[PDB]
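Asks: I am attaching a structure below and will ask some questions about it afterwards.
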Protein chains: 2
Amino acid sequence: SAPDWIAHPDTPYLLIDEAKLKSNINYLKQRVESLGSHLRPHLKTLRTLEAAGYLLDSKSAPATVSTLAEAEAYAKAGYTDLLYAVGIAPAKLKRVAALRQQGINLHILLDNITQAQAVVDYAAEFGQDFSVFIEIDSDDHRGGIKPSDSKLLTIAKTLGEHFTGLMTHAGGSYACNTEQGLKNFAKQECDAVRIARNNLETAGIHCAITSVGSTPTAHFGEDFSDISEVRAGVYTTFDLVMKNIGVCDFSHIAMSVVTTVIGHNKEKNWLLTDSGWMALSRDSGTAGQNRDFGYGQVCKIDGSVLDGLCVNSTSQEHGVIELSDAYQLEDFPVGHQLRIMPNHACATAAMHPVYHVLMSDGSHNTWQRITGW
Amino acid sequence: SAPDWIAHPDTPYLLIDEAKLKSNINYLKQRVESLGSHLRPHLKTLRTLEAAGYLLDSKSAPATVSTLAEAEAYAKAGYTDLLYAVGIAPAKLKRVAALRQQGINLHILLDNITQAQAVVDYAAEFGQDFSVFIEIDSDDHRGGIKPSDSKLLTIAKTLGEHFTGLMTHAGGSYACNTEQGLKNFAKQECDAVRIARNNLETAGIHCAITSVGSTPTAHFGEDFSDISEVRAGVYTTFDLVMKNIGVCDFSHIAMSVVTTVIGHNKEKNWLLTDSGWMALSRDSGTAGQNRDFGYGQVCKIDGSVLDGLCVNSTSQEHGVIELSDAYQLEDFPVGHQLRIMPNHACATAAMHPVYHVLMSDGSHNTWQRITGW
Ligand SMILES: [Cl-]
Ligand SMILES: [Cl-]
Ligand SMILES: [Cl-]
Ligand SMILES: [Cl-]
Ligand SMILES: [Cl-]
Ligand SMILES: [Cl-]
Ligand SMILES: [Cl-]
Ligand SMILES: [Cl-]
Ligand SMILES: [Cl-]
Ligand SMILES: [Cl-]
Ligand SMILES: [Cl-]
Ligand SMILES: [Cl-]
Ligand SMILES: [Zn+2]
Ligand SMILES: [Zn+2]
């Protein structure tokens with residue numbers, strides 16, 4: 001039985017299970033460290049100050065952020081080792097410099113000569129040191145330099161003392177759904193940075209840090225012994241996309257939207273809830289996988305899965321659950337409450353300015369999301 | 001040429017064109033009033049205090065809201081006639097009562113006997129008056145009572161003095177893409193409430209207010225002379241879904257995301273921007289229409305459409321624009337800026353805590369979004 005207070009806040013609202021959060025976090029930390037590396041957790045799934053305390057051993061422990069809004073918030077909270085892992089816009093260099101002048105080791109990411117020259121020009125004009133990763137393309141999906149591209153050498157040389165190392169994200173691993181496919185994708189990700197690192201060293205370039213990761217590759221890679229750090233973030237809570245990939249099952253999913261039944265359609269056997277896309281997002285990641293959960297798997301207020309029930313459709317402020325003939329409208333009266341598991345934790349969390357947290361001791365906490373850019 | 005200040009805020013950010021906002025608003029007001037009715041504008045697309053000033057003639061003018069967060073914010077700002085147009089959860093009645101005790105004519109919406117009994121029971125226990133609309137199903141898509149359902153009579157009678165009238169939203173009109181189809185859908189919407197109203201009056205029930213509307217039906221209905229009020233909201237800015245339906249063309253779209261080019265892929269002819277789904281949302285409404293704009297139509301910083309260019313893919317904090325062979329990467333260097341028009345204005349605006357506003361006099365304003373529930 002969930003605590004009585006789940007029924008207190010008006011719906012819809014986001015609910016994080018602290019006990020499951022902590023389990024998910026402990027599992028990956030122990031796994032990566034047993035494989036000879038360490039984590040640089042990514043803060044962008046949850047984007048709360050509290051999440052960094054669960055994920056990081058100390059204020060100086062390496063972390064990843066997806067925005068300078070995050071960087072500024074975590075720096076204010078005392079965190080001093082932050083990789084801003086999105087290709088840098090030159091106009092943001094003054095904000096990066098401002099953090100570095102406050103004692104924050106704020107690293108940036110780039111993959112082109114224009115960005116590298118902007119860093120060098122800024123450094124020259126303002127006397128500012130930078131710490132810079134070059135993005136490597138490991139999965140043919142996003143940015144980064146291919147390991148064999150001669151411009152890898154040119155760009156690293158241009159950066160000189162500001163060059164810190166190599167970073168890749170194999171987000172393409174999300175297409176996988178077998179253990180061997182995942183192991184292979186993790187090896188592809190690591191090999192891309194190994195090859196890039198070898199090409200750098202052959203050319204006389206020192207590479208202080210090699211950095212790989214996504215939740216799937218972090219959970220299935222077999223050898224991180226020569227990789228400096230592994231990054232992951234969505235594993236904090238998991239989601240249905242992860243369930244379908246096979247990184248977790250339903251029991252590991254620590255995020256849900258608490259929703260109230262606000263109507264019925266007797267003719268069509270529908271429940272209408274207050275969980276529209278404004279609460280869930282329109283992420284439909286599971287539609288491209290082998291089990292389509294619509295806009296989320298429906299659960300009881302105690303968290304247990306209601307077989308066969310999903311939020312099939314949404315508008316802005318309501319959702320529709322098409323009941324199967326195994327269910328009766330009468331058992332879900334207006335005012336009854338449910339929990340919806342998300343397709344994509346990162347996308348659903350973006351919709352909530354404040355999260356409610358079921359602490360492992362049964363108590364109720366709230367966390368404020370760091371929003372904007 | 002757009003004002004120089006568009007290049008000042010860090011990207012991505014949301015930009016509203018005030019001159020176009022004002023034009024779009026003036027057009028519908030004059031149209032509906034010429035057809036013998038008046039507007040109850042919906043505030044949920046923009047959810048700013050400033051939007052209500054553009055949309056409403058006075059603080060007492062009727063408006064629509066989608067959340068009690070909106071209701072509370074607009075009430076604090078002095079607005080006193082607010083229809084909360086989402087089927088009511090019984091636990092929210094105490095918040096509705098609190099507003100009504102402050103002098104706010106806060107109307108609620110319901111479609112089932114459970115909700116009606118909850119209102120009556122609250123009224124009896126706490127001595128509280130309510131103003132209640134019954135939702136009518138006009139489009140077979142969402143909630144509401146069919147006009148011929150005998151429970152319409154039962155529910156209205158149960159409400160007694162709290163019964164204010166009938167409300168429908170023909171969101172199904174969004175499937176239309178011809179002028180005659182839209183005219184017909186508007187007639188279907190109005191006829192549904194006319195029939196319901198006739199059934200009420202035959203049974204001896206007074207119906208103070210009849211309320212219809214969506215942006216498409218408001219712009220194409222031919223006869224509102226016997227309908228109390230017409231509701232619309234997305235027309236404030238329009239969007240690509242509306243463009244495809246044919247309610248507007250590109251020139252009327254008053255919302256865009258300003259984004260910076262942060263990378264290139266030479267092999268594939270890609271631009272990478274800082275406009276991911278965190279800035280645009282994953283609404284893909286145009287994919288089901290006759291012109292798929294991906295995650296948005298790409299425009300120059302001056303607002304003019306770049307033919308053939310869309311944000312084809314997104315991740316969390318970046319977007320990908322696949323260039324056609326009409327374009328050269330060189331013309332969009334890293335640091336170049338673009339504007340992205342949204343699929344769905346309501347969905348894109350949800351992603352932005354603050355909007356930047358290009359005032360009609362060329363100046364720069366900002367508006368704070370009212371977030372949460
Ligand atoms: Cl629980
Ligand atoms: Cl380059
Ligand atoms: Cl696979
Ligand atoms: Cl999606
Ligand atoms: Cl249940
Ligand atoms: Cl919608
Ligand atoms: Cl402009
Ligand atoms: Cl009923
Ligand atoms: Cl049509
Ligand atoms: Cl969509
Ligand atoms: Cl341009
Ligand atoms: Cl994504
Ligand atoms: Zn994610
Ligand atoms: Zn909308």
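Chain labels follow the order of the structure tokens: the first chain is A, the next B, and so on; residue numbering restarts at 1 in every chain, and ligands are counted from 1 in their shown order.
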Neighbours of ligand 13 within 7 Å, counting only C-alpha atoms and all ligand atoms, as number ranges by chain?
Replies: A: 45, 234, 344-347; B: 316
Asks: Residues at most 9 Å from residue 208 of chain A, counting only C-alpha atoms, excluding those fewer than 2 positions away in the same chain, as a compact mmCIF listing (two decimals) with N, CA, C and O atoms, in the first residue's frame?
Replies:
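Final output, saved to around13.txt:
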# COMPACT_ATOMS: atom_id res chain seq x y z
N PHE A 163 42.73 21.53 -24.65
CA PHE A 163 42.22 20.20 -24.99
C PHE A 163 42.29 19.22 -23.83
O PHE A 163 43.38 18.91 -23.35
N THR A 164 41.13 18.73 -23.42
CA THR A 164 41.01 17.81 -22.27
C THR A 164 40.78 16.34 -22.67
O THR A 164 41.18 15.43 -21.97
N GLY A 165 40.06 16.11 -23.75
CA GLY A 165 39.82 14.75 -24.18
C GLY A 165 38.65 14.56 -25.13
O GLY A 165 38.25 15.50 -25.85
N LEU A 166 38.15 13.33 -25.14
CA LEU A 166 37.20 12.86 -26.14
C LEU A 166 35.92 12.39 -25.48
O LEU A 166 35.99 11.74 -24.44
N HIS A 206 48.21 14.52 -26.56
CA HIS A 206 47.83 13.94 -25.28
C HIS A 206 46.32 14.06 -25.05
O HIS A 206 45.77 15.13 -25.21
N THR A 210 39.02 10.10 -21.64
CA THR A 210 38.08 9.47 -22.59
C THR A 210 36.74 9.21 -21.87
O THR A 210 36.70 8.72 -20.75
N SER A 228 38.21 6.44 -19.36
CA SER A 228 38.29 7.24 -18.11
C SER A 228 37.00 7.28 -17.33
O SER A 228 37.00 7.22 -16.10
Asks: I want to know what sits within 9 Å of residue 67 of chain A, based on only C-alpha atoms, with residues of the same chain fewer than 5 positions away left out; could you give that as a PDB file with C-alpha atoms, in the first residue's frame?
Replies:
ATOM      1  CA  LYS A  44      19.623  16.125 -17.260  1.00  0.00           C
ATOM      2  CA  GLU A  72      24.860  27.697 -12.985  1.00  0.00           C
ATOM      3  CA  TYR A  84      28.372  20.925 -20.412  1.00  0.00           C
ATOM      4  CA  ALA A  85      27.779  18.198 -22.993  1.00  0.00           C
ATOM      5  CA  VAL A  86      26.165  20.011 -25.922  1.00  0.00           C
ATOM      6  CA  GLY A 372      15.350  26.944 -18.832  1.00  0.00           C
ATOM      7  CA  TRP A 373      18.694  27.481 -20.530  1.00  0.00           C
TER       8      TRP A 373
ATOM      9  CA  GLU B 317      19.014  19.771 -26.463  1.00  0.00           C
TER      10      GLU B 317
END
Asks: Write out as an MDAnalysis selection string which residues come within 12 Å of residue 154 of chain A when counting only C-alpha atoms, dropping same-chain ones fewer than 3 positions away.
Replies: chainID A and resid 111:114 116:117 134 145 149:151 157:160 163 199:200 203:205
Asks: For ligand 5, which of A:258, A:190, A:280, A:357 is the closest residue, counting only C-alpha atoms and all ligand atoms?
Replies: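 The shortest atom-to-atom distance to ligand 5 comes from A:258.
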Asks: Hey, which residues sit close to ligand 5? Say within 9 Å, counting only C-alpha atoms and all ligand atoms, and write them as a ChimeraX atom specification.
Replies: /A:299-302,304,306,331-332,336-338
Asks: Would you please work out which residue, of B:334, B:123, B:321, B:55, is nearest to chain A when using only C-alpha atoms?
Replies: B:334
Asks: Considering only C-alpha atoms, tabulate each residue of chain B that lies at most 6 Å from chain A along with its nearest interatomic pair and the corresponding distance in Å to one decimal; arrange the rows by chain and ascending residue number and present them as JSON lines.
Replies:
{"residue": "B:87", "atom": "CA", "partner": "A:262", "partner_atom": "CA", "distance": 5.8}
{"residue": "B:89", "atom": "CA", "partner": "A:262", "partner_atom": "CA", "distance": 5.6}
{"residue": "B:262", "atom": "CA", "partner": "A:89", "partner_atom": "CA", "distance": 5.6}
{"residue": "B:282", "atom": "CA", "partner": "A:282", "partner_atom": "CA", "distance": 5.5}
{"residue": "B:283", "atom": "CA", "partner": "A:282", "partner_atom": "CA", "distance": 5.7}
Asks: To test your reading of the structure, identify every residue in segment 112-181 of chain B that backbone DSSP assigns to strand (DSSP E), and report it as a PyMOL selection string.
Replies: chain B and resi 131-135+163-167
Asks: When you count only C-alpha atoms, which of these residues is closest to residue 225 of chain A: A:167, A:241, A:32, A:49?
Replies: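 Answer, going by the shortest atom-to-atom distance: A:32.
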